[PDB]
Amino acid sequence: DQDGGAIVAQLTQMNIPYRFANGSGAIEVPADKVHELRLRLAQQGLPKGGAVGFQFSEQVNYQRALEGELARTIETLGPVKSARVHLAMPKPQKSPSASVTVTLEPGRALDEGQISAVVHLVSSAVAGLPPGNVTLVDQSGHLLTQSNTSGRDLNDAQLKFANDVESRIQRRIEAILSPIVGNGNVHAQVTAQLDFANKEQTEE
Amino acid sequence: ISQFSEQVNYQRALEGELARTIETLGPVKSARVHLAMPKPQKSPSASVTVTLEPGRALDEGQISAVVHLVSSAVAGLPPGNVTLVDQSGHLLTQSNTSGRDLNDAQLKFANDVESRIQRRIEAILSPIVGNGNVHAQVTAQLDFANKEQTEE
Amino acid sequence: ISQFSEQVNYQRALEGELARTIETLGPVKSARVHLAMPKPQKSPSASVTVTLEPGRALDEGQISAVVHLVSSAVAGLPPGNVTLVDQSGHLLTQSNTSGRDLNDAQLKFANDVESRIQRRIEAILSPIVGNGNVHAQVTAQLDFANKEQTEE
């Protein structure tokens with residue numbers, strides 16, 4: 001694989017720890033540095049993230065093993081205390097998706113670069129997964145970026161604008177009620193109805 | 001020397017440039033591009049064939065991005081006429097632009113509204129009874145009929 | 001010698017100049033630009049492809065800056081027709097940006113007004129009861145309709 005040659009070159013700058021096995025698809029690096037490695041390697045290395053750190057049930061066994069490995073990898077992220085990844089296969093074309101359950105630190109929060117990194121990690125770690133199919137999810141809030149469809153884009157714009165108004169009002173209510181009863185003792189959900197019909201009027 | 005010969009060379013130059021622009025993306029080995037512009041009033045069309053890296057499959061948004069590249073590279077070419085095809089299947093459907101794909105788009109939009117309302121209900125009602133102790137399914141009926149109205 | 005050949009060279013010169021203009025920015029590795037101008041009335045279009053530095057992702061204001069560069073570099077090219085795409089996905093929601101511009105503009109303007117009023121209230125009430133002993137949230141309704149009137 002030619003991409004491996006583009007991956008070993010990045011590492012030789014950082015610290016030069018590696019063990020290149022006979023196979024061209026496998027690379028061995030001490031896990032203590034793999035924790036931080038597989039974040040930059042995600043931004044660089046596409047195929048499967050083959051960085052190993054140190055019949056139906058057959059594929060499920062690795063499937064659970066792969067899910068646990070990705071859960072451990074995402075668990076080591078800074079603003080993440082624990083994480084778990086669920087992988088879905090096409091039962092019977094069917095697009096394969098995946099769900100990533102993550103527990104964050106109370107004080108920290110995820111950023112857009114981190115969202116891109118984690119979604120690309122999950123998509124790359126399993127073959128045949130478009131990154132659009134991967135869905136992040138947390139305990140209380142949901143932090144994702146997927147909002148698009150083949151539908152008329154005007155309707156997509158209307159949906160996103162409605163969501164924006166909803167978010168602004170909910171933020172205002174949360175901010176005003178937060179100092180009284182506490183930081184995490186209130187929730188609010190708002191739904192709105194909007195006008196999208198052209199109108200005119202003339203009075204004499 | 002002839003105008004036609006110069007136009008032919010221009011088209012080859014554009015095809016090469018567009019291809020070379022396309023391989024710059026990550027998940028693709030290579031691509032080949034063909035164009036068709038009516039010289040003397042039909043919209044121009046284009047066809048793109050992509051040889052794709054095996055371990056990765058492309059997105060819908062990436063389809064939109066490539067279609068936008070091809071559509072904006074040519075003055076008169078609308079994004080509808082772009083056709084992208086991969087080694088296995090064609091990653092675009094325009095056989096009935098005003099028909100079946102429109103109805104499929106309606107289905108996706110309805111599903112989107114359903115998903116948003118279901119998510120709202122789940123999020124609001126989860127903290128009371130528990131994280132995994134509630135499920136919700138929603139169905140909606142939508143309007144797709146053009147209407148006008150006037151009053152005096 | 002022919003006019004058409006000279007115009008072809010002109011377009012390449014402009015594309016290269018805009019390229020080296022673009023890589024002068026910090027976060028960008030490289031970029032290539034294609035243009036389309038109708039010779040004989042359709043607005044010209046442009047497409048920009050940018051390969052980006054790995055550790056950085058570019059911002060919305062930077063998107064607007066690049067679009068303004070491309071739009072103002074060409075006389076007849078409106079800012080809408082610019083299309084920008086990155087290595088992975090396209091960083092421009094141009095498809096129906098027309099609908100979703102006025103809406104976000106109204107949202108941000110309303111936010112500005114409410115922020116100003118809240119700042120005034122906080123400033124006036126701060127010295128009396130203490131620095132951190134008061135909070136205020138303000139919501140306002142705005143009129144965005146076009147109206148005229150005549151009286152005789």
# chains A, B, ... in the order shown; residues from 1 in each chain; ligands from 1
$ residues_around --residues "residue 35 in chain C" --least-positions-apart "6" --cutoff "9 Å" --atoms "only C-alpha atoms" --output "PyMOL selection string"
(chain B and resi 72-75) or (chain C and resi 11+15+44-48)
$ write_last_selection --atoms "C-alpha atoms" --output "PDB file, in the first residue's frame"
ATOM      1  CA  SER B  72     -19.196  25.367 -12.604  1.00  0.00           C
ATOM      2  CA  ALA B  73     -16.228  24.558 -14.851  1.00  0.00           C
ATOM      3  CA  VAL B  74     -18.456  24.932 -17.942  1.00  0.00           C
ATOM      4  CA  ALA B  75     -20.443  28.106 -18.556  1.00  0.00           C
TER       5      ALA B  75
ATOM      6  CA  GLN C  11      -7.522  32.930 -18.973  1.00  0.00           C
ATOM      7  CA  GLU C  15      -5.964  31.417 -13.237  1.00  0.00           C
ATOM      8  CA  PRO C  44     -19.652  33.729 -15.608  1.00  0.00           C
ATOM      9  CA  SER C  45     -18.835  30.977 -13.134  1.00  0.00           C
ATOM     10  CA  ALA C  46     -15.731  29.808 -11.304  1.00  0.00           C
ATOM     11  CA  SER C  47     -14.624  26.715  -9.400  1.00  0.00           C
ATOM     12  CA  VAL C  48     -11.813  26.647  -6.837  1.00  0.00           C
TER      13      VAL C  48
END
$ residues_around --residues "range 81-97 of chain C" --least-positions-apart "2" --cutoff "9 Å" --atoms "only C-alpha atoms" --output "number ranges by chain"
A: 153-154, 157; B: 24-27, 59, 61-62, 64-66, 68-69, 72; C: 43-52, 58, 60, 63, 66-68, 70-71, 77-79, 99-101
$ write_last_selection --atoms "N, CA, C and O atoms" --output "compact mmCIF listing (two decimals), in the first residue's frame"
# COMPACT_ATOMS: atom_id res chain seq x y z
N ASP A 153 -33.80 21.53 -1.79
CA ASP A 153 -32.88 22.19 -0.87
C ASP A 153 -33.52 23.38 -0.18
O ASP A 153 -33.09 23.78 0.91
N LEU A 154 -34.56 23.96 -0.80
CA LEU A 154 -35.30 25.02 -0.14
C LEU A 154 -35.93 24.52 1.16
O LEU A 154 -35.88 25.20 2.19
N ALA A 157 -33.27 24.20 3.77
CA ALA A 157 -32.99 25.51 4.35
C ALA A 157 -34.05 25.90 5.36
O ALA A 157 -33.74 26.44 6.43
N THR B 24 -6.81 15.16 -7.34
CA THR B 24 -6.26 15.76 -6.13
C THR B 24 -7.02 15.33 -4.88
O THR B 24 -6.48 15.39 -3.77
N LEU B 25 -8.27 14.90 -5.03
CA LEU B 25 -9.04 14.42 -3.89
C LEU B 25 -8.46 13.11 -3.38
O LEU B 25 -7.81 12.36 -4.12
N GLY B 26 -8.70 12.84 -2.10
CA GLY B 26 -8.10 11.71 -1.43
C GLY B 26 -8.51 10.34 -1.94
O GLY B 26 -7.67 9.57 -2.43
N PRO B 27 -9.80 10.00 -1.84
CA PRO B 27 -10.19 8.59 -1.98
C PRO B 27 -10.20 8.04 -3.40
O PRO B 27 -10.72 6.95 -3.63
N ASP B 59 -19.16 9.65 -0.52
CA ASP B 59 -20.36 10.15 0.13
C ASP B 59 -21.32 10.76 -0.88
O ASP B 59 -20.99 10.97 -2.05
N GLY B 61 -22.50 13.86 -0.25
CA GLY B 61 -21.94 15.20 -0.32
C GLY B 61 -20.77 15.29 -1.27
O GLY B 61 -20.59 16.31 -1.94
N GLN B 62 -19.96 14.24 -1.34
CA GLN B 62 -18.85 14.23 -2.28
C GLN B 62 -19.35 14.15 -3.72
O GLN B 62 -18.77 14.77 -4.63
N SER B 64 -22.13 15.54 -4.66
CA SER B 64 -22.56 16.91 -4.91
C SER B 64 -21.37 17.80 -5.21
O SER B 64 -21.44 18.65 -6.10
N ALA B 65 -20.27 17.62 -4.48
CA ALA B 65 -19.08 18.44 -4.71
C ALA B 65 -18.52 18.23 -6.11
O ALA B 65 -18.17 19.20 -6.80
N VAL B 66 -18.41 16.97 -6.55
CA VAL B 66 -17.87 16.70 -7.88
C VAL B 66 -18.80 17.26 -8.95
O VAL B 66 -18.35 17.85 -9.95
N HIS B 68 -20.72 19.79 -8.64
CA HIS B 68 -20.54 21.24 -8.63
C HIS B 68 -19.28 21.65 -9.37
O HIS B 68 -19.28 22.63 -10.12
N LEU B 69 -18.18 20.91 -9.17
CA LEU B 69 -16.96 21.18 -9.94
C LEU B 69 -17.24 21.16 -11.43
O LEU B 69 -16.94 22.11 -12.16
N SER B 72 -19.74 24.02 -12.62
CA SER B 72 -19.20 25.37 -12.60
C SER B 72 -17.97 25.53 -13.49
O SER B 72 -17.59 26.66 -13.79
N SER C 43 -24.27 34.71 -16.50
CA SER C 43 -23.20 35.15 -15.63
C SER C 43 -22.04 34.16 -15.66
O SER C 43 -22.25 32.95 -15.71
N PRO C 44 -20.80 34.64 -15.65
CA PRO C 44 -19.65 33.73 -15.61
C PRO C 44 -19.58 33.00 -14.28
O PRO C 44 -20.05 33.48 -13.25
N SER C 45 -18.96 31.82 -14.31
CA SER C 45 -18.84 30.98 -13.13
C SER C 45 -17.37 30.62 -12.90
O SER C 45 -16.53 30.72 -13.79
N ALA C 46 -17.08 30.20 -11.67
CA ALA C 46 -15.73 29.81 -11.30
C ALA C 46 -15.80 28.65 -10.32
O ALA C 46 -16.78 28.49 -9.59
N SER C 47 -14.75 27.83 -10.32
CA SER C 47 -14.62 26.71 -9.40
C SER C 47 -13.21 26.70 -8.84
O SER C 47 -12.24 26.74 -9.61
N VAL C 48 -13.10 26.62 -7.52
CA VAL C 48 -11.81 26.65 -6.84
C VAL C 48 -11.68 25.36 -6.04
O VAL C 48 -12.59 25.00 -5.28
N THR C 49 -10.57 24.66 -6.21
CA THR C 49 -10.27 23.47 -5.44
C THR C 49 -9.03 23.73 -4.60
O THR C 49 -7.99 24.14 -5.14
N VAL C 50 -9.13 23.48 -3.30
CA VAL C 50 -8.08 23.82 -2.35
C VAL C 50 -7.64 22.56 -1.62
O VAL C 50 -8.47 21.87 -1.02
N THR C 51 -6.34 22.28 -1.66
CA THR C 51 -5.73 21.28 -0.79
C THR C 51 -5.19 22.03 0.42
O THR C 51 -4.45 23.02 0.29
N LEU C 52 -5.56 21.55 1.60
CA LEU C 52 -5.46 22.30 2.84
C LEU C 52 -4.39 21.68 3.74
O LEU C 52 -4.06 20.50 3.60
N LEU C 58 -10.72 25.48 7.87
CA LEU C 58 -10.94 26.89 7.58
C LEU C 58 -12.36 27.31 7.98
O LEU C 58 -13.29 26.51 8.03
N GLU C 60 -15.84 30.11 8.46
CA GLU C 60 -16.88 30.69 7.62
C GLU C 60 -16.47 32.06 7.08
O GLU C 60 -16.68 32.37 5.91
N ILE C 63 -14.23 31.49 4.32
CA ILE C 63 -15.00 31.13 3.13
C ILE C 63 -15.49 32.39 2.43
O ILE C 63 -15.37 32.54 1.21
N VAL C 66 -12.58 34.22 0.66
CA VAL C 66 -12.16 33.60 -0.60
C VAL C 66 -13.20 33.85 -1.69
O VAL C 66 -12.86 34.16 -2.84
N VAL C 67 -14.48 33.72 -1.34
CA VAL C 67 -15.54 33.98 -2.31
C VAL C 67 -15.48 35.42 -2.80
O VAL C 67 -15.66 35.69 -3.99
N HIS C 68 -15.21 36.36 -1.89
CA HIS C 68 -15.10 37.76 -2.30
C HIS C 68 -13.91 37.98 -3.21
O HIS C 68 -14.00 38.73 -4.19
N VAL C 70 -12.59 35.80 -5.33
CA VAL C 70 -12.89 35.26 -6.65
C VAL C 70 -13.94 36.12 -7.35
O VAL C 70 -13.84 36.38 -8.56
N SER C 71 -14.94 36.59 -6.62
CA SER C 71 -16.00 37.38 -7.23
C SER C 71 -15.49 38.73 -7.72
O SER C 71 -15.85 39.17 -8.81
N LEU C 77 -18.65 38.38 -12.59
CA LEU C 77 -18.91 37.20 -11.79
C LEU C 77 -19.53 37.59 -10.46
O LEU C 77 -18.87 38.25 -9.65
N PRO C 78 -20.78 37.21 -10.19
CA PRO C 78 -21.38 37.52 -8.89
C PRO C 78 -20.88 36.58 -7.82
O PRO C 78 -20.44 35.46 -8.12
N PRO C 79 -20.93 36.98 -6.55
CA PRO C 79 -20.41 36.12 -5.48
C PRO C 79 -21.15 34.80 -5.34
O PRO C 79 -20.60 33.85 -4.78
N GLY C 99 -31.92 31.64 -0.23
CA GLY C 99 -32.92 31.61 0.82
C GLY C 99 -32.33 31.78 2.20
O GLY C 99 -32.85 32.54 3.03
N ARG C 100 -31.23 31.08 2.47
CA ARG C 100 -30.58 31.11 3.78
C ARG C 100 -29.46 32.15 3.86
O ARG C 100 -28.34 31.86 4.28
N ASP C 101 -29.76 33.39 3.47
CA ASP C 101 -28.87 34.51 3.77
C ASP C 101 -29.62 35.56 4.58
O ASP C 101 -29.16 35.96 5.66
$ select_by_dssp --residues "range 3-37 of chain C" --states "strand (DSSP E)" --output "JSON, numbers by chain"
{"C": [28, 29, 30, 31, 32, 33, 34, 35, 36]}
$ write_last_selection --atoms "N, CA and C atoms" --output "PDB file, in the first residue's frame"
ATOM      1  N   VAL C  28      -3.531  27.562   3.954  1.00  0.00           N
ATOM      2  CA  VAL C  28      -3.762  26.844   2.703  1.00  0.00           C
ATOM      3  C   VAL C  28      -2.462  26.296   2.127  1.00  0.00           C
ATOM      4  N   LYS C  29      -2.448  24.999   1.811  1.00  0.00           N
ATOM      5  CA  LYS C  29      -1.329  24.402   1.094  1.00  0.00           C
ATOM      6  C   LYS C  29      -1.288  24.871  -0.353  1.00  0.00           C
ATOM      7  N   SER C  30      -2.327  24.560  -1.126  1.00  0.00           N
ATOM      8  CA  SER C  30      -2.331  24.904  -2.542  1.00  0.00           C
ATOM      9  C   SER C  30      -3.763  24.944  -3.053  1.00  0.00           C
ATOM     10  N   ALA C  31      -3.930  25.474  -4.263  1.00  0.00           N
ATOM     11  CA  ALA C  31      -5.252  25.578  -4.863  1.00  0.00           C
ATOM     12  C   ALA C  31      -5.162  25.754  -6.371  1.00  0.00           C
ATOM     13  N   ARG C  32      -6.195  25.326  -7.088  1.00  0.00           N
ATOM     14  CA  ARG C  32      -6.296  25.581  -8.517  1.00  0.00           C
ATOM     15  C   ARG C  32      -7.701  26.036  -8.876  1.00  0.00           C
ATOM     16  N   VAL C  33      -7.775  26.904  -9.882  1.00  0.00           N
ATOM     17  CA  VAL C  33      -8.981  27.648 -10.216  1.00  0.00           C
ATOM     18  C   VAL C  33      -9.324  27.407 -11.677  1.00  0.00           C
ATOM     19  N   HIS C  34     -10.614  27.266 -11.965  1.00  0.00           N
ATOM     20  CA  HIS C  34     -11.101  27.205 -13.337  1.00  0.00           C
ATOM     21  C   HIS C  34     -12.191  28.247 -13.505  1.00  0.00           C
ATOM     22  N   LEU C  35     -12.290  28.819 -14.701  1.00  0.00           N
ATOM     23  CA  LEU C  35     -13.262  29.866 -14.983  1.00  0.00           C
ATOM     24  C   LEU C  35     -14.074  29.500 -16.212  1.00  0.00           C
ATOM     25  N   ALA C  36     -15.261  30.090 -16.322  1.00  0.00           N
ATOM     26  CA  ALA C  36     -16.132  29.895 -17.472  1.00  0.00           C
ATOM     27  C   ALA C  36     -16.864  31.197 -17.752  1.00  0.00           C
TER      28      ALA C  36
END
$ atom_distance --atom1 "CA of residue 145 in chain C" --atom2 "CA of residue 145 in chain B"
26.8 Å
$ atom_distance --atom1 "CA of residue 119 in chain C" --atom2 "CA of residue 143 in chain C"
22.4 Å
$ interface_residues --of "chain A" --to "chain B" --cutoff "7 Å" --atoms "only C-alpha atoms" --output "PyMOL selection string"
chain A and resi 47+127-130+132+149-152+189
$ write_last_selection --atoms "N, CA and C atoms" --output "PDB file, in the first residue's frame"
ATOM      1  N   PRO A  47      -7.066   3.989   4.848  1.00  0.00           N
ATOM      2  CA  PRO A  47      -7.719   2.689   4.603  1.00  0.00           C
ATOM      3  C   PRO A  47      -8.419   2.035   5.786  1.00  0.00           C
ATOM      4  N   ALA A 127     -14.265  -1.177   6.742  1.00  0.00           N
ATOM      5  CA  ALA A 127     -14.365  -1.010   5.300  1.00  0.00           C
ATOM      6  C   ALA A 127     -15.814  -0.828   4.869  1.00  0.00           C
ATOM      7  N   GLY A 128     -16.012  -0.014   3.835  1.00  0.00           N
ATOM      8  CA  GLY A 128     -17.333   0.176   3.267  1.00  0.00           C
ATOM      9  C   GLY A 128     -18.243   1.103   4.041  1.00  0.00           C
ATOM     10  N   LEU A 129     -17.693   1.916   4.942  1.00  0.00           N
ATOM     11  CA  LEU A 129     -18.513   2.855   5.693  1.00  0.00           C
ATOM     12  C   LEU A 129     -18.267   4.275   5.220  1.00  0.00           C
ATOM     13  N   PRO A 130     -19.203   4.874   4.482  1.00  0.00           N
ATOM     14  CA  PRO A 130     -19.139   6.312   4.261  1.00  0.00           C
ATOM     15  C   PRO A 130     -19.217   7.053   5.591  1.00  0.00           C
ATOM     16  N   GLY A 132     -20.659   9.720   6.288  1.00  0.00           N
ATOM     17  CA  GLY A 132     -21.987  10.258   6.539  1.00  0.00           C
ATOM     18  C   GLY A 132     -22.845   9.322   7.369  1.00  0.00           C
ATOM     19  N   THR A 149     -30.142  16.078   2.583  1.00  0.00           N
ATOM     20  CA  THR A 149     -30.953  15.074   1.915  1.00  0.00           C
ATOM     21  C   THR A 149     -31.123  15.451   0.452  1.00  0.00           C
ATOM     22  N   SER A 150     -31.572  14.477  -0.337  1.00  0.00           N
ATOM     23  CA  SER A 150     -31.862  14.701  -1.746  1.00  0.00           C
ATOM     24  C   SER A 150     -33.116  15.535  -1.961  1.00  0.00           C
ATOM     25  N   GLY A 151     -33.889  15.790  -0.907  1.00  0.00           N
ATOM     26  CA  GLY A 151     -35.074  16.619  -0.999  1.00  0.00           C
ATOM     27  C   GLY A 151     -34.790  18.009  -1.527  1.00  0.00           C
ATOM     28  N   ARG A 152     -35.845  18.745  -1.874  1.00  0.00           N
ATOM     29  CA  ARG A 152     -35.678  20.110  -2.351  1.00  0.00           C
ATOM     30  C   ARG A 152     -34.902  20.931  -1.331  1.00  0.00           C
ATOM     31  N   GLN A 189     -37.379  22.167  25.681  1.00  0.00           N
ATOM     32  CA  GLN A 189     -37.509  21.874  24.263  1.00  0.00           C
ATOM     33  C   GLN A 189     -38.598  22.762  23.684  1.00  0.00           C
TER      34      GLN A 189
END
$ atom_distance --atom1 "CA of residue 104 in chain A" --atom2 "CA of residue 44 in chain A"
25.1 Å
$ closest_residue --among "C:37, C:128, C:134, C:22" --to "chain B" --atoms "only C-alpha atoms"
C:37
